[PDB]
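Novice: below is the sequence, then the experimental coordinates.
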Amino acid sequence: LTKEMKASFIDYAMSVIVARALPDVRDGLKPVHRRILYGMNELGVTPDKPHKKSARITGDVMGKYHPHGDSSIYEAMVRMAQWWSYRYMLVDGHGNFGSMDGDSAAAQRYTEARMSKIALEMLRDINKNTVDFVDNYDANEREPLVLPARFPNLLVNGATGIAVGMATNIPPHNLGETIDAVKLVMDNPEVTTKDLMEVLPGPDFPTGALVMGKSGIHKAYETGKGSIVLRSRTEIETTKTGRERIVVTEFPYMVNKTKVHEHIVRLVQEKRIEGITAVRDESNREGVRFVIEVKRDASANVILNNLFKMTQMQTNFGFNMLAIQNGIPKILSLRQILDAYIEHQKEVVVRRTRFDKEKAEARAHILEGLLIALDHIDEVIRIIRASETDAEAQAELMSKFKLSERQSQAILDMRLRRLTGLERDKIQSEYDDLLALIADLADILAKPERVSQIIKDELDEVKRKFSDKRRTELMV
Amino acid sequence: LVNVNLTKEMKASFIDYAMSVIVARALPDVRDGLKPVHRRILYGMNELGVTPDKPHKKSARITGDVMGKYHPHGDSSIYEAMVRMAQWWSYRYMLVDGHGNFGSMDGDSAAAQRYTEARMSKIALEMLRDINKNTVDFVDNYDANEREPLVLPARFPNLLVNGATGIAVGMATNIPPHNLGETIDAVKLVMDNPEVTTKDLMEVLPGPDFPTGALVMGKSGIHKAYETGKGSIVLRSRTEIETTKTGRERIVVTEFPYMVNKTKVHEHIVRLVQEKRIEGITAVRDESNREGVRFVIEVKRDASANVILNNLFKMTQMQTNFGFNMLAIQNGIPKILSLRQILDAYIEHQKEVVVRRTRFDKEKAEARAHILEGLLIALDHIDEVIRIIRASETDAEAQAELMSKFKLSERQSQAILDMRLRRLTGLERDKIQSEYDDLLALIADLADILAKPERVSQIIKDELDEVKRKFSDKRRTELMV
């Protein structure tokens, strides 16, 4: 009764939290977005072909699952097109998406998008039985609960959760810095937090800010709790008539210019400094030109500290930094993200190795049958002439030599083009090649460090392909 | 399986579980008593502009539209409430004007989802008009973007008089219905007389009403339930003995009390025949029921038919023990109200409604007033400002000189600067002056309404009388002691 009500409470709370709160540690990818990328990979249409303008994709998404609104699925599409909010990059698109401005793109299917470049190598190896699957409620198609990865996007894109019990802030980071962190933890299981300070000088943004504190960053990467400073960029230049002109490019994150400017107008117009009727905040299609000019007989820095007291040019940005794994939430630190991603990639690589051994040893068994057929042929021909049935021919071949049923029938699959001797040598050559590759994979399976070397290989692949610098200029 | 070790998150998720199951299904709200899905239906029908003025529309499309504008919640209760607020007989008042297949009142809920073609009723025009009306906070949904209102404000305690169905969630409650006219009467008496007694409004208020038309006996339960909302009362069907041309008698019913099937009770009658626990009964017949409900039991002579009617309202389900439970919720926390306190919260809600509407209109008039202030100040010293624009260069110089000469703001100065020759006739100058003073008179009128609170009460009573004129409410039930 009340225990069953508690069971309903527990199970339904798990349903809501695993539905729309923080995703798994293993991916950092929410299942809405997971199914977006899975169905867009299963569109099959390459990003090389010009990216499409349709709600047919989202119609197949809603055929895959019924939410409490596919407008929310389109919101997920658009929020993954928010490069100014969520970093590089998940949408190859063309249509209206705006900026961090207060933009409303009601043109839903009229936007264009398809697969993105990072998604291509990000979600390979589906054909290698790497990830498990579950059936939908529609009992017709399957879906994976997690994904294979080529980086911890956990660190690449942060989290802005909701307070089902409590929300979660997770800051973004840099590509190559994360690669160096992976290499560091790979080479040493004995790293420190100063090591993390080295390979990660600090969390960054697609826009940029200033984070002056140090021990808040320290408690952030250790305890998982703490708040930081997000500060706008400040440039003090000289007006030709003597005004301390303020140029602003960076901002605190999730801070529109519009309502901040309106409250600045209000604070001017509530019996305060009114001679600052100089707000040249435009031309922001080349960058950000947020320029004011402080009036005469007034210093810029006092108005700067007053707008920092307005909590919009300098903001205490907190961090909750929680996660979901094994059905439980967790307070975060590193060597957890790190070791989790490491052992996940270990799973992926080793299971890929097992599947490749499956294909290779199956084809090796085939070429065994091929070479044993191509040893002695004409006696088999003449005994086939003493038969009239492929079942009789199968029994004859079982009397002749040791084969499989598949092997016997594949040897039956031989026209007269198969009756040469050069192709015997070719099958023998690829047979020895395949045996060498099988022995290579077996020796790799008897090698722990070789897995890490393959991880280094894929890291160097994506590092030659792409890199990124710290656009977020942070002084401490 | 579970393996969840932290009891704290179990408790927090359990509190969210309990309160969310509360919030989800039907609740005794402050302002509508409704399900939130009802609010969703109404707000979607309003902001799509689907009037009963315009013709009918396929409504499952509208259902999917609202479902996609809102959360991916399940279709079942959605289509259920879609039917329920279109059922004319169940809810006392008309909301949704369907067109298809429903089943009348006899246990056949026709659910033709393909045939879902409908409109609404004309009472939402009295219910809510918050387009410009700064009333209610909004919550955002699809990556947290699109509005959804918290409550359903109104000028009307109609949904007090409708009735509620919120039972199986935690504890049980409902709202039994009344009619509207004497409700308007007793409400207006509390309005003009803030210190009245209960029973003198029971002199104004008849029994709790029913759409079929019920025979009510007794008033002690009325005394208990108008105060404390608890107790069952007795209800009987309009049932008569009628003589033939032969002298044979007939039990003729007209209707039944609330939540009664014809057919299940008819099967129970056939039971009572084969149960052999009631005699005399010969004919159990029912015809021509669509011009008017006519079910007839017919009994042989020498049977004491009125004693058989007594046996009906003892043992059969024709007798109704209709119970009340009105256990309120005011801002989340569960409460319980008297009939006064309901209308009190209604009064102070109307206070905030008309005050905030008046302040929105005030800011309309103030902004347009600053506009026309700038226009008339531009009309004051025209040729000086002509010399100003012939002299100066920039926006800053123009705003500096206009603020130095006339002490106006920047938007006012630019709206001055946006004046073309075709608005320079003295005709339109004095039309600007005329409409300016018109808006001044409207500002003074709204400040006078801000001076005294009882004008709100008077206008409310006026439009209550307008609604009672367009919506005359005769009675259908019957009260006895």
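Specialist: That came through fine. Numbers count the residues shown, from 1 in each chain, chains lettered A, B, ... in the order given.
Novice: and chain A, which residues reach chain B?
Specialist: A:6, A:8-10, A:12-14, A:17, A:66-76, A:78-79, A:104, A:162, A:164-165, A:277, A:326-329 (CB under 8 Å from any CB of the partner chain). C-beta coordinates here come from the backbone N, C-alpha and C atoms, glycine included.
Novice: in PyMOL, select just the buried ones from those residues.
Specialist: Buried members of these, defined by 16 or more other CB atoms under 10 Å in any protein chain shown, are picked up in PyMOL with:
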select buried, chain A and resi 9+10+13+17+66+67+68+69+70+71+72+73+74+75+76+78+79+164+165+329
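Novice: just the ones of the residues of chain A next to chain B in helices?
Specialist: A:6, A:8-10, A:12-14, A:17, A:71-76, A:78-79 (DSSP state H).
Novice: and for residue A:95, the neighbour number?
Specialist: 17 (other CB atoms under 10 Å in any protein chain shown).
Novice: so it, which state does it fall into?
Specialist: coil (DSSP: H, G, I helix; E, B strand; the rest coil).
Novice: ok, the nearest residue to it once chain neighbours are set aside to residue A:73 distance?
Specialist: Closest residue to residue A:95 apart from its sequence neighbours, by CB to CB, 6 or more residues apart in numbering or on different chains: residue A:111 at 2.5 Å. The spacing between residue A:111 and residue A:73, counted by CB to CB, to the nearest Å, is 13 Å.
Novice: ditto for residue A:352
Specialist: Counting by CB to CB, the gap from residue A:352 to residue A:73 is 31 Å.
Novice: re the thing from before, and of the ones in helices among the residues of chain A next to chain B, the nearest to residue A:148?
Specialist: Nearest to residue A:148 among those is residue A:76, at 20.8 Å by CB to CB.
Novice: correct me if wrong: that closest one contacts residue B:144.
Specialist: No: using CB atoms under 8 Å, residue A:76 is not in contact with residue B:144; the gap is 11.3 Å.
Novice: pull the longest helix from chain A.
Specialist: Per DSSP H, chain A has its longest helix at helix A:337-375.
Novice: now do the buried residues in it.
Specialist: A:337-338, A:340-342, A:344-345, A:348-349, A:351-353, A:357, A:360, A:364, A:366-370, A:373-374.
Novice: and the next helix or strand past it?
Specialist: Downstream of helix A:337-375, the next assigned helix or strand under DSSP states H and E is helix A:378-385.
Novice: quick one: that next one to helix A:337-375, angle?
Specialist: Orientation check (axes from the mean of the first three to the mean of the last three CA atoms, to 10 degrees): helix A:378-385 against helix A:337-375 gives 80 degrees.
Novice: output the contacting helices and strands for helix A:378-385.
Specialist: Under the contact definition 3 or more CB pairs under 8 Å, 6 or more residues apart in numbering or on different chains; DSSP states H and E, helix A:378-385 sits against helix A:390-400.
Novice: what ranges do the strands span in chain A?
Specialist: A:92-93, A:113-114, A:134-135, A:142-143, A:159-160, A:169-170, A:226-231, A:235-238, A:244-248, A:279-281, A:290-293, A:314-319, A:322-325, A:328-331 (DSSP state E).
Novice: pick the most deeply packed of those strands.
Specialist: strand A:113-114 (a mean of 22; mean count of other CB atoms under 10 Å in any protein chain shown).
Novice: mind checking how far it is from the chain centre?
Specialist: 16 Å (CA atoms, centre = their mean, to the nearest Å).
Novice: and the contacts of it?
Specialist: A:40, A:43, A:45-47, A:49, A:51-52, A:77, A:81, A:91-95 (CB atoms under 8 Å, 6 or more residues apart in numbering or on different chains).
Novice: chain B: which of the residues you listed is nearest?
Specialist: Set against chain B, the nearest of the contacts of strand A:113-114 by CB to the nearest CB is residue A:77 (9.1 Å).
Novice: that closest one reaches residue A:95, doesn't it?
Specialist: No: using CB under 8 Å, residue A:77 makes no contact with residue A:95, being 10.2 Å away.
Novice: if we can go back for a sec, since we're on the residue nearest to residue A:95, how many residues are nearby?
Specialist: Neighbour tally, residue A:111, other CB under 10 Å: 22.
Novice: could you find the closest non-adjacent residue to residue A:121?
Specialist: That would be residue A:150: by CB to CB, 6+ apart, it lies 5.6 Å from residue A:121.
Novice: that neighbour: what's it in contact with?
Specialist: Neighbours of residue A:150 in contact, by CB under 8 Å, 6+ apart: A:121-122, A:124, A:458, A:462.
Novice: now with 10 Å, please.
Specialist: Residue A:150 sits next to A:118, A:120-125, A:345, A:348, A:455, A:458-459, A:461-462 when contact means CB atoms under 10 Å, 6 or more residues apart in numbering or on different chains.
Novice: now swap in residue A:98 and tell me
Specialist: Residue A:98 touches A:78, A:81-82, A:84, A:104-105, counting by CB under 10 Å, 6+ apart.
Novice: in the stretch 101-250 of chain A, which spans are helices?
Specialist: Ranges of helices in the stretch 101-250 of chain A, per DSSP state H, counting those that start in this stretch, are A:117-122, A:153-156, A:175-187, A:193-199, A:215-223.
Novice: want to try CSV for those helices, with mean neighbour count as columns?
Specialist: CSV is the format used below for these (neighbours: other CB atoms under 10 Å in any protein chain shown):
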stretch, mean neighbour count
helix A:117-122, 17
helix A:153-156, 22
helix A:175-187, 18
helix A:193-199, 15
helix A:215-223, 16
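Novice: ok so, going back, wait, the residue nearest to residue A:95 sits on residue A:80?
Specialist: No: between residue A:111 and residue A:80 there is no contact under CB atoms under 10 Å: 12.0 Å.
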